[PDB]
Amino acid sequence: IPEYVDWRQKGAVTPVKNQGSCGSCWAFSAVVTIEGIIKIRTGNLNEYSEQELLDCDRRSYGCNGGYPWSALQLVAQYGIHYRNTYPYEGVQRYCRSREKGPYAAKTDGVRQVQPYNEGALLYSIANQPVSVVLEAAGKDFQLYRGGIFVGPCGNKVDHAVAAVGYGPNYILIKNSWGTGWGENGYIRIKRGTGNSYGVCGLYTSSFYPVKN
């Protein structure tokens, strides 16, 4: 795998979103990986519905948090609508998949990256955008304005984001806190510290969709 990966450079990343006060990060994280793999497989970049996952993933707890892997399982088992047809409201409502016609995209499964393994995550990122979790509760992460982020932070993961690239010293992350946060909505998180958790627990729980 190469020294630099940036899926934005290959037109596989849609504009930065803002999840608002709703604990829907898990749905935003999942959708970034779907938008990525559909572009890589079909050559078309589309936006897909975070709201649909928020409403329809019965394993997750709507705006009270959820599971990127369960969201990705749902897209593999059923599918997902375009964001345009099922737009984001920042509140959990009834699952309205049936009322919005046939699904726009479908995947063939979900895979976990070997956890607590930097090389395993970089290998997956080289192939496609990956759903990752980290500790975002800390003020340092909340007030991040740019540069390579080293913390401070603990490993108490509480927030799902998407790894869309890496460099020699960092992993490139798409956050769902709008374009005003960090580097136009992105964070470069320090890698290669030798801490198996990753910086802010970045290696705790990572999933990517499978599509043939």
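All residue numbers are counted from 1 along the displayed sequence.
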Looking at the entry, does 131-139 or 90-98 show the higher mean C-alpha B-factor?
90-98
Mean CA temperature factor from the deposited coordinates, higher in 178-186 or in 55-63?
55-63
Going by the entry, which of 18, 24, 195, 204 has the most elevated CA B factor?
195
Among modelled residues of the same chain, the CA temperature factor third for residue 43
highest
Please rank the C-alpha B-factors of the chain's modelled residues and tell me whether residue 110 sits in the lowest, middle or highest third.
highest
Would the CA B-factor of residue 126 place it in the lowest, middle or highest third of its chain?
middle
